[PDB]
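Working notes, structure below.
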Amino acid sequence: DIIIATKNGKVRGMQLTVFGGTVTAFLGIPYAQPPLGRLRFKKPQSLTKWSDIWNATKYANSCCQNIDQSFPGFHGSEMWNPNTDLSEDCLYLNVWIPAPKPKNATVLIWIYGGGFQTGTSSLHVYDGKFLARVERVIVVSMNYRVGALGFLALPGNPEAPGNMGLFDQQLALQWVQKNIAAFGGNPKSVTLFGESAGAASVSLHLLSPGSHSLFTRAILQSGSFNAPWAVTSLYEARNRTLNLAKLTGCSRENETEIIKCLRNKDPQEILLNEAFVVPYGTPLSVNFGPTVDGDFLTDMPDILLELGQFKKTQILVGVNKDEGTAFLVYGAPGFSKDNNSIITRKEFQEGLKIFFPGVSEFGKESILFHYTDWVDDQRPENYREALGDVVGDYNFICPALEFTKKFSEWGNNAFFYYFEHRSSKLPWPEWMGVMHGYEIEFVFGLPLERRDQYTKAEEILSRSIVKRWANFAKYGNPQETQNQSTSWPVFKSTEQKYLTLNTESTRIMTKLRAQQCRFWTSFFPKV
Ligand SMILES: *[C@@H]1O[C@H](CO[C@@H]2O[C@@H](C)[C@@H](O)[C@@H](O)[C@@H]2O)[C@@H](O[C@@H]2O[C@H](CO)[C@@H](O)[C@H](O)[C@H]2NC(C)=O)[C@H](O)[C@H]1NC(C)=O
Ligand SMILES: *[C@@H]1O[C@H](CO[C@@H]2O[C@@H](C)[C@@H](O)[C@@H](O)[C@@H]2O)[C@@H](O[C@@H]2O[C@H](CO)[C@@H](O)[C@H](O)[C@H]2NC(C)=O)[C@H](O)[C@H]1NC(C)=O
Ligand SMILES: O=C(NC[C@@H](O)CNCC1CCCCC1)C(c1ccccc1)c1ccccc1
Ligand SMILES: *[C@@H]1O[C@H](CO[C@@H]2O[C@@H](C)[C@@H](O)[C@@H](O)[C@@H]2O)[C@@H](O)[C@H](O)[C@H]1NC(C)=O
Ligand SMILES: *[C@@H]1O[C@H](CO)[C@@H](O)[C@H](O)[C@H]1NC(C)=O
Ligand SMILES: *[C@@H]1O[C@H](CO)[C@@H](O)[C@H](O)[C@H]1NC(C)=O
Ligand SMILES: *[C@@H]1O[C@H](CO)[C@@H](O)[C@H](O)[C@H]1NC(C)=O
Ligand SMILES: [Cl-]
Ligand SMILES: [Cl-]
Ligand SMILES: [Cl-]
Ligand SMILES: [Cl-]
Ligand SMILES: [Cl-]
Ligand SMILES: [Cl-]
């Protein structure tokens with residue numbers, strides 16, 4: 001019976017047997033007044049004390065979201081859909097503390113991705129119990145508002161200022177600072193980490209002044225704010241907001257009377273209309289995303305990045321080999337998870353219109369010109385792999401690399417990795433490679449469970465990754481000092497060294513996707 005006194009009330013956890021050991025889990029602790037009623041679309045409000053003992057012993061509600069139904073019954077898609085009830089009342093967080101209760105444990109705060117439209121902390125591949133048991137860190141994850149409920153934007157107007165889900169995240173970081181001391185954790189040693197939109201979120205907390213004092217270091221997995229999907233412009237946000245009013249018959253003239261109208265609507269009416277607020281959409285469509293609100297973000301972030309306006313600290317950044325493949329089976333012609341998707345030059349050009357809709361005829365041509373200069377013109381996989389690389393390089397790898405260059409130019413230590421191992425339990429087909437999001441299980445130490453059908457070499461890779469991640473959190477240095485590991489060097493803007501993670505080797509390489517990223521970063525923004 002482990003009851004902890006938090007600043008808002010007592011909470012009861014539960015005991016977990018992990019690897020012939022023990023971990024104390026606290027699941028679904030509230031951290032804000034539920035944003036229901038007049039609180040929908042508003043920034044989160046601080047909780048009043050409760051007198052009972054809160055039973056934080058099961059995952060809480062996930063936040064409202066549109067589920068991926070593109071491959072029903074398919075684990076590869078459904079492993080990401082929420083595994084608890086959806087509710088507007090969803091601002092809750094979880095804590096895993098090692099047993100015995102530690103003294104001054106480094107805290108790890110996880111933020112999930114999902115395109116800022118979906119995601120939940122209760123996912124099986126976000127279970128922190130392993131990291132607590134193995135590395136005696138404290139793992140924390142929070143739920144935050146996604147989609148229009150968490151990012152509907154009417155800038156200036158506090159009834160929908162934007163970035164509510166980011167302010168959800170930021171409230172939880174606060175909760176840790178005031179309470180994690182009571183759990184054995186060190187508020188002075190908090191490492192943010194996240195993946196995809198979670199990773200974009202982490203980069204934005206590096207830029208938001210109101211988050212500078214709430215964490216120490218940060219790890220960014222396949223995601224950064226400077227990626228083309230991560231920030232909604234003020235133009236897009238208004239057309240999208242206004243469109244969502246038309247789709248609900250909430251079009252009004254007084255800007256506030258519009259919000260009030262959307263607040264008597266049921267969550268499903270708002271969820272259903274989110275698809276169509278963009279006329280033409282891409283598969284990577286973040287209909288309601290982070291914006292330059294003037295509260296969380298004070299300027300456009302690409303400027304702040306360029307001019308050094310961020311928390312000075314260490315960062316750990318990386319990407320996966322085949323980031324782009326996942327998106328090709330969500331709309332690209334000639335593709336499917338159920339064949340090798342050999343496409344033609346015509347299907348390739350067609351796919352560019354899918355992923356680059358509002359782009360000039362000359363822009364699409366330039367993408368084709370730079371990726372379809374093959375070594376062997378006879379290779380049949382040529383156009384299939386090229387569309388994956390296009391998507392992955394444009395949407396993840398080159399923005400992540402550019403973030404890491406820019407951030408490092410102000411003197412902080414950065415470390416870049418390149419995850420290139422395909423999971424043995426990967427459910428998608430093999431032509432899709434080292435897919436977006438399939439390092440997460442390795443980072444959380446799921447292959448450490450022998451009773452799980454993971455190969456042996458996959459255990460060892462997860463163990464070294466979990467070491468390097470934990471050593472980065474505790475010490476700002478992601479090394480594995482004991483088992484004669486390859487030393488991970490700092491990313492410098494000159495040499496641009498990075499570390500490869502695979503089961504065979506661990507190599508030091510330089511200047512990832514060099515040719516590819518001079519195109520996406522120096523040529524293509526001109527179009
Ligand atoms: C800004 O939004 C308008 C409205 O777009 C539509 O809104 C809903 C009716 C929705 O269900 C979708 O059909 C649309 O997103 C955009 O105007 C539309 O533009 C498309 C082509 O761009 C045209 O075929 C439609 O007939 C137009 N409909 C209306 C009502 O105007 C407009 O393009 C958006 N501005 C942008 C994207 O810059
Ligand atoms: C690979 O499959 C795609 C996807 O088509 C679907 O999935 C298949 C496995 C099968 O169930 C089809 O009946 C499905 O429609 C194929 O793309 C389709 O190709 C057909 C014939 O060329 C065409 O009529 C459809 O319009 C295409 N649909 C889409 C969405 O692209 C593709 O031809 C297959 N290629 C290979 C090499 O197997
Ligand atoms: O995550 C998207 N939507 C949510 C949902 O519907 C399907 N995603 C599931 C993801 C969960 C976490 C990370 C791995 C997969 C969407 C996206 C947009 C922008 C940036 C990244 C991802 C997307 C669209 C097509 C294929 C994969 C992902
Ligand atoms: C919280 O739970 C209390 C009982 O917990 C029970 O006993 C402990 C030792 C565990 O075994 C647990 O799984 C059991 O359910 C209730 O008495 C109490 O009323 C509950 N509080 C609330 C607010 O529901
Ligand atoms: C924990 O670490 C900080 C420095 O990181 C130190 O000041 C503090 O005294 C330590 N102990 C406790 C109980 O917080
Ligand atoms: C809109 O309505 C609210 C509430 O009645 C009011 O406070 C606000 O001033 C109004 N704005 C305009 C422009 O009429
Ligand atoms: C190093 O090897 C030993 C086995 O001798 C193992 O117990 C330990 O966990 C390994 N450490 C890492 C980080 O792989
Ligand atoms: Cl899984
Ligand atoms: Cl490669
Ligand atoms: Cl050809
Ligand atoms: Cl899996
Ligand atoms: Cl390369
Ligand atoms: Cl060029």
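Chain labels A, B, ... are given in the sequence in which chains occur in the structure tokens; within each chain residues are numbered consecutively from 1, and ligands are likewise numbered from 1 in the order shown.
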
#### Entry: For residue 188 of chain A: contacts at 8 Å, only C-alpha atoms, fewer than 2 positions along chain excluded, given as a ChimeraX atom specification
/A:186,190,215-216

### Task
Report as a VMD selection string which protein, DNA and RNA residues come within 12 Å of ligand 9, using only C-alpha atoms and all ligand atoms.
chain A and resid 319 to 323 385 to 386 388 to 389 392 to 393 397 418 to 421 433 to 434 500 509 512 to 514 516

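The list of residues with at least one atom within 6 Å of segment 230-237 of chain A, based on only C-alpha atoms and without residues fewer than 6 positions apart in the same chain, reads residues 153, 289, 290 and 291 of chain A.
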
### Task
Mind listing the strand (DSSP E or B) residues of segment 55-280 of chain A, per DSSP on the backbone, as a PyMOL selection string?
chain A and resi 55+57+62+86+92-98+105-111+138-142+185-195+217-221

### Message
For ligand 3, return the neighbouring residues as number ranges by chain (distance at most 10 Å; only C-alpha atoms and all ligand atoms).
### Response
A: 65-70, 76-82, 112-120, 123, 194-198, 200, 222-223, 227-230, 282-287, 289, 323-331, 395-396, 435-440

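Distances to ligand 12 were evaluated for A:92, A:498, A:356, A:175 using only C-alpha atoms and all ligand atoms, and the minimum falls at A:498.
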
### Message
Using Å and a single decimal, report how far atom CA of residue 180 of chain A sits from atom CA of residue 467 of chain A.
### Response
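Between atom CA of residue 467 of chain A and atom CA of residue 180 of chain A the gap works out to 22.4 Å.
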
### Proximity to residue 146 of chain A - best of A:344, A:191, A:15, A:201, only C-alpha atoms
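So, comparing all the options, the nearest one is A:201.
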